[PDB]
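Structure first, commentary second.
Throughout, read-outs are computed from the coordinates displayed, never taken from laboratory work. All Cβ positions, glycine included, derive from the backbone under ideal geometry; neighbour counts span all protein chains shown.
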Amino acid sequence: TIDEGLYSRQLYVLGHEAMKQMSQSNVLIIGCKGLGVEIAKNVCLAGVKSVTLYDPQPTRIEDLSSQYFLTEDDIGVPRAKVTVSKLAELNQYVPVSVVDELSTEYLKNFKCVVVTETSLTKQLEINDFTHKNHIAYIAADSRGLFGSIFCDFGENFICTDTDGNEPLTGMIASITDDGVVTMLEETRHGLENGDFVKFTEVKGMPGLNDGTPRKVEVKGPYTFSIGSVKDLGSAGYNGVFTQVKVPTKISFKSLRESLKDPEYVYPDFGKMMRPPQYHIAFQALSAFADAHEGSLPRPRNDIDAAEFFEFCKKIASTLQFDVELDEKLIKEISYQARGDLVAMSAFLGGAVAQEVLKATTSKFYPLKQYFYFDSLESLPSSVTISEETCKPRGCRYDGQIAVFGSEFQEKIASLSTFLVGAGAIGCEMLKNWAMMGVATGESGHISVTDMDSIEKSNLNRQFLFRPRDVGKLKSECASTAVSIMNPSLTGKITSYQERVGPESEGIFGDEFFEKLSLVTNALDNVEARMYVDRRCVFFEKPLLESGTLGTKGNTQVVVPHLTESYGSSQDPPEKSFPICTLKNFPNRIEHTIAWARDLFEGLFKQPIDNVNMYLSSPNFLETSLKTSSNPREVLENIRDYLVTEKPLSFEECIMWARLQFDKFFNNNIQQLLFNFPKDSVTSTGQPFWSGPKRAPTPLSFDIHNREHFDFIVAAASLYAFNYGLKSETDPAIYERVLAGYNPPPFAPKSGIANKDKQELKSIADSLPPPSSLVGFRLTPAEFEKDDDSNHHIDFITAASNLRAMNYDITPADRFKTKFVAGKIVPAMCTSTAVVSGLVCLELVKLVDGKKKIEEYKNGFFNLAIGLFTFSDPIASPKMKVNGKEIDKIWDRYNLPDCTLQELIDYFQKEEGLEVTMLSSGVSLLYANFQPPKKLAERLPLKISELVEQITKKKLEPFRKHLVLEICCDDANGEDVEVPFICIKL
Amino acid sequence: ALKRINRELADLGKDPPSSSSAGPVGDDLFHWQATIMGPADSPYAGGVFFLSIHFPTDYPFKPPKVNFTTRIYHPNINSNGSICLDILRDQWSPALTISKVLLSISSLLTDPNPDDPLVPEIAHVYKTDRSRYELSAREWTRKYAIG
Ligand SMILES: Nc1ncnc2c1ncn2[C@@H]1O[C@H](COP(=O)(O)OP(=O)(O)OP(=O)(O)O)[C@@H](O)[C@H]1O
Ligand SMILES: [Mg+2]
Ligand SMILES: [Mg+2]
């Protein structure tokens, strides 16, 4: 009953059972400020049964620093009452309620309890009850640039999956009598010590096929040990092993017990003495609030800092903490006690929402137990931060002014950013910019570009969109929503519908790119990332890259003249199977899915394109006869789809589907077995169908079988769509039509002038003339995974399962087929929130103009295991050119539009280098090995005219520069790299 | 990318491949037209085979797309010119030059690999009736690889 049309991407991360158990759990949230609303939003998007809010405190103006569901018209109203109405719209399957008063016994109604903005005494009172009653308790807190998370799921928590990775599976070569299992050639099992595996389809040792898990003793990257298999057999040949994951028992401690002896989680290893300081500091904050009627220390106040430090000393003495208190860091915590940042709120809300999902689904490894985080490296240093600058001004930015001050607020308000993409990360980034007040000044501006449209599956993690917005452009909807959140952004946001690429340089040109301050990428492909990186490198603009994959995420910052660019690092490429594996000898379901996709394209897309091109281009036949690789194939396709096999009803489409079933699942297998029989041997004497080659078997068409009927239905429906006929789904017509079918005889064939050209002409003349068919077009089938009524995934699944039945491969369901064929990337809302928080914590470093490379932090995290890590960016490599220091990445030559000879002479004289190769884009303008005549013809030409002549394309009127790549040699003949050239037109 | 491609092109220019001749198409550095001479100790003797090479944008981190143009009767080469070469699909690493690829293709033409074929009928003919395979290969290398 799970709506896979909405949770399509989330089910690939969690699963069906996890979400089924998640949709029966109640979550209570105490506190409805920025952190609380972030947690509630992520939980509502996740899909829990219901969410209950409790926050009777009236709204204040500073609460708008991170609460995006509050407006300035709500001042004086309880926060929960004005937040429930806006939260109830995020997801229609998750009701949201509000409780005016909270009693202890009431806590029994919920599965998880999240506590924010609550004193320590109330937290102890709540936890002393939620512990003994087996209720998950999560407590979060955010003070300025500091954050704390605490998790307590009970003393007998059961965690089924502790790392989130798919079970390890593999194919076996041989198993010895001593349990030594060996993988296939150049295949790594990836198992670790202490794992349990189950063997299936093992030949020679049937006892291993029962499914009883056995211990794993890894002996090497290719072989491991399972123990004693003496009784079952002597040696096992081939087989498939699959890892078995056993549940783990995790025992938590209550808040009262863990205050004295906490168990920390370290988000970074460079500062491991801080969590002990934060443990005392947060308790001192609670004590100070209790001793001052709930008033936190005033921003940048020395008297309150001294009192807070006295409380810290008292607490450290009381708890027998033998740690020397760091006065500077503790007083820093005191100064930023009244801070409320949207980046920290987003980061902690994503983390806490993930913890809630772990508590409800009993999946992934949770935090155990304290998690203290700080981003103190983001505190500005180029502006004045004092008590006078940080005092509140009675505006919605008080929570941020209390940390950064008014001068940094003025710096933020005049930003001119450029956001590429409007996906989930784009929506989160826009929300963070709206809350921070980015580009609300006279000289501020925001530009957002995206060419995609809103779909149903995007509403699960892109909270700025609504079901009424399905089918509209992402950029316009996002800009309107964020203008609603912050009314000061009215007229400061421009939304484009342009794809960022080589074709958009007329809009995102020099004039557009010279006014920016930074560029933020929210893309999902590498080509666009590389293009934007090159543009930023050329224009010298800071870049913020961020990526997510399921529960994993990473953020990178590129700073001009300081760090390396995005393209300097290489990622693992996609794996493409060999053509001979897909064509004839598959052994995994992915091979059959790829073959089914190719079959779909070759049956319903390419022949239709050929027929349409023949009826449109007046001279298609002559061009194809000398240009296409297989003109005979084109002619046969045209003839078959025009005259020979043109359907006149849906019954003929069913007959065609049956014929294609025979062609692709009964006859080609017979031919393959005729060429290589099952008893054939290789040239070395080994059996042919051994190892990665599996013997196929032809399929006989049985109408009662489900897969055969599904393939027939899908193929007939797609053919009718190609010819625009009326498809049907009632089994009666299929069973009636296919009953009277006589399969044409087929026997494998051994084989054994311009006559063929004459036959090709024979086919050519038999085709109807183009004039006889005017206005007649065949509709091609364009692959679309997200729609379930087009019979695309159904056909791919049916064909893949039938080919798996040919080769005795285990068929997969439609879910896995859609995952594999569509290249669907798993995505989560919590990961998006975390990456947005990290990117917005780096943005304040970029705004402040920090110069040192140690002050920036590239971030990586994995929420399935609770892992966070931050590392300094890599510096840009340097080089020696003509006895001078040159940056490899961020340096260039600026030259006028001089002739080629003048450029060569300039490089000969100034740099003392002889130019040997000069190219612009993908064309070779000049090479040292070219014949003298060509050079003498090209030398006296200007660079622009040379480029126009060689590329055979006039330069656009908006073009203002040329980027040239030059390879030159030194005087001695040694090759020396040089930075690119920037010719000014 | 471009610099590595030009280094390979200069290496080809400085040292002639004798049995091969590769070069850019027109003036495009990401589209080459190479020529392979049929080995003397092979049925394809006295033949000229043209190959089209498409360098990827991520070269050398991705394999170039090498496709035959002249029709050839070989177990590992189909009608579309695709080549069953391990170093071009998933074994590719940024350490192999185009001259190495051409030499590997010449070696493949020297002796086919019918144990893991791409055209099962040609491999079956090769394994069973060697003389007929030789006759067909000579007929094809004279009809298509000459003139
Ligand atoms: N070259 C590009 N120029 C501009 N926007 C781009 C470009 N490439 C991708 N995008 C946009 O980047 C955003 C990526 O977000 P996301 O991947 O979450 O969405 P999606 O691809 O539509 O969804 P899904 O992958 O879940 O089916 C999309 O809006 C996509 O339109
Ligand atoms: Mg989309
Ligand atoms: Mg995407």
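Evaluate the relative contact order of segment A:1-114 (contact order divided by residue number), counting alpha-carbon pairs under 8 angstrom at least 6 apart; express in whole percent.
30
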(request) State the antiparallel share, in %, of DSSP beta bridges confined to segment A:407-563, rounding to the nearest 5. (result) 35
(request) With a cut-off of 14 Å, note down the residues of segment A:166-185 whose backbone N falls inside the zone around a label point 7 Å from the Cα of A:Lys219 toward its beta carbon. (result) A:173-183
(request) Sequence neighbours fewer than 8 away in the same chain don't count; with that in mind, list the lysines whose C-alpha is under 16 Å from A:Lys693. (result) A:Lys203, A:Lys583, A:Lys678
(message) Strictly over 27 Å apart at the Cα level, which of A:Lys850/B:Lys3; A:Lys86/A:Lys249; A:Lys411/A:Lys456; A:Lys111/A:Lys313; A:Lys111/A:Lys472; A:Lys245/A:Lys816 would you flag in this model?
(response) A:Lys850/B:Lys3; A:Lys86/A:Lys249; A:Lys411/A:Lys456; A:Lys111/A:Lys313; A:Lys111/A:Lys472
(request) Measure off 7 Å from each Cα along the Cα-to-Cβ vector at A:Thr242 and A:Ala753, then give the distance between these two points in nanometres to one decimal. (result) 6.0
(request) Return P(r) of the protein assembly as shown (all Cα-Cα pairs; 10 Å bins starting at 0; whole %; ordered from short to long distances). (result) 2, 8, 14, 18, 19, 17, 13, 7, 2, 0, 0
(message) Suppose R0 equals 25 Å. What FRET efficiency, 1/(1 + (r/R0)^6) with r the Cβ-Cβ distance, do A:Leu124 and A:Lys249 give to the nearest 0.05?
(response) 0.45
(message) To check you understand DSSP bridge types, tell me what percent of the beta bridges within the protein assembly as shown (both residues inside) are antiparallel, rounded to 5.
(response) 70
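Strictly over 19 Å apart at the Cα level, which of A:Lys363/A:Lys785; A:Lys20/A:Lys552; A:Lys515/A:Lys942; A:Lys271/A:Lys328; A:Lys757/B:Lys143 would you flag in this model? Write down the numbers at each step before the final one.
Details: A:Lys363/A:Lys785 29 Å; A:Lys20/A:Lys552 23 Å; A:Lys515/A:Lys942 30 Å; A:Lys271/A:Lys328 15 Å; A:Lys757/B:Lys143 14 Å.
From the list (A:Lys363/A:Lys785; A:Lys20/A:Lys552; A:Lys515/A:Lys942; A:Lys271/A:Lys328; A:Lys757/B:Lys143), the Cα-Cα distance tops 19 Å for A:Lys363/A:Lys785; A:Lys20/A:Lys552; A:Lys515/A:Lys942.
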(request) Mind running the shape call on chain B? Use the C-alpha gyration tensor, a ≥ b ≥ c as the square roots of the eigenvalues: rounded below 1.5 for a/c, prolate if a/b tops b/c, oblate otherwise. (result) prolate
(request) Report the dimensions of segment A:3-151 along its three principal axes from the alpha-carbon atoms, largest first, rounded to Å. (result) 42, 39, 31
(request) Let me know the mean shielding of A:398-410 by other chains, meaning the per-residue number of their Cβ atoms within 10 Å of its Cβ. (result) 0
(message) Under 10 °C and 1.306 mPa s, how fast does segment A:166-244 diffuse according to Stokes-Einstein, given a Kirkwood radius computed over C-alpha pairs? Answer in µm²/s, whole number.
(response) 132
(request) Among DSSP beta bridges whose residues both lie in segment A:1-114, state the antiparallel percentage, nearest 5. (result) 10
(message) Quick check on segment A:570-824: what are the equivalent-ellipsoid semi-axes from the Cα gyration tensor, as sqrt(5λ), descending, whole Å?
(response) 31, 25, 21
(message) Would segment A:849-892 count as rounded, prolate or oblate if I go by the C-alpha gyration tensor, calling it rounded below 1.5 in a/c and otherwise prolate when a/b exceeds b/c, oblate otherwise?
(response) prolate
(request) Can you bin segment A:329-425 into rounded, prolate or oblate? Criterion: square roots of the alpha carbon gyration tensor eigenvalues sorted a ≥ b ≥ c, rounded for a/c under 1.5, prolate for a/b above b/c, oblate for the rest. (result) oblate
(request) Using only atoms on other chains, find how many Cβ atoms lie within 10 Å of each Cβ of peptide A:579-588 and report the average. (result) 4
(request) Enter the mean number of other protein chain beta carbons within 10 Å of the beta carbon of each residue in B:113-121, as an integer. (result) 6
(message) Just to verify a number: FRET efficiency for A:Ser381 and A:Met273, C-beta to C-beta distance, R0 = 25 Å, to 0.05?
(response) 0.60
(message) Let's test the formula: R0 of 51 Å, r as the Cβ-Cβ distance of B:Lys100 and A:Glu503. What FRET efficiency results, to the nearest 0.05?
(response) 0.90
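What is the packing order of peptides A:371-382, A:821-832, taking the mean over residues of other C-beta atoms within 10 Å and listing the highest first?
Values: A:371-382: 19.0, A:821-832: 21.2.
Going from most to least packed, we get A:821-832, A:371-382.
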(message) Based on alpha-carbon centroids, what's the gap between segment A:673-728 and segment A:173-230 in Å, whole number please?
(response) 32
(request) Treating only the Cβ atoms of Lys and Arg (+1) and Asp and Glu (-1) as charged, compute the dipole magnitude of chain A about its Cα centre; round to the nearest 20 debye. (result) 1540
(request) Can you tell me which of A:327-337, B:9-19, B:98-108, A:611-621 comes out highest on packing, and rank the rest after it, using the mean Cβ neighbours within 10 Å? (result) A:327-337, B:98-108, A:611-621, B:9-19
(request) Find the relative contact order for segment A:166-244 and round it to a whole percent, using C-alpha pairs within less than 8 Å whose residues are 6+ positions apart. (result) 44
(request) Run the numbers on segment A:66-143 and let me know its relative contact order in percent, using alpha-carbon pairs under 8 Å that are six or more apart. (result) 24
(request) Quote the charge dipole size of segment A:570-824 about the Cα centre in Debye, to the nearest 20; the model charges only the Cβ of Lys and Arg (+1) and of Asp and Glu (-1). (result) 720
(request) Kindly rank A:943-950, A:703-710, A:773-780 from highest to lowest mean number of other beta carbons found within 10 Å of each residue. (result) A:943-950, A:703-710, A:773-780
(request) Starting from the Cα of A:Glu645, step 7 Å along the direction of its Cβ; do the same at B:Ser107; then give the gap between the two resulting points in nm. (result) 4.3
(message) Give me the one-decimal nm value for the distance between modelled label points at A:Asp730 and A:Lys575, 7 Å along each residue's Cα-to-Cβ direction.
(response) 4.8
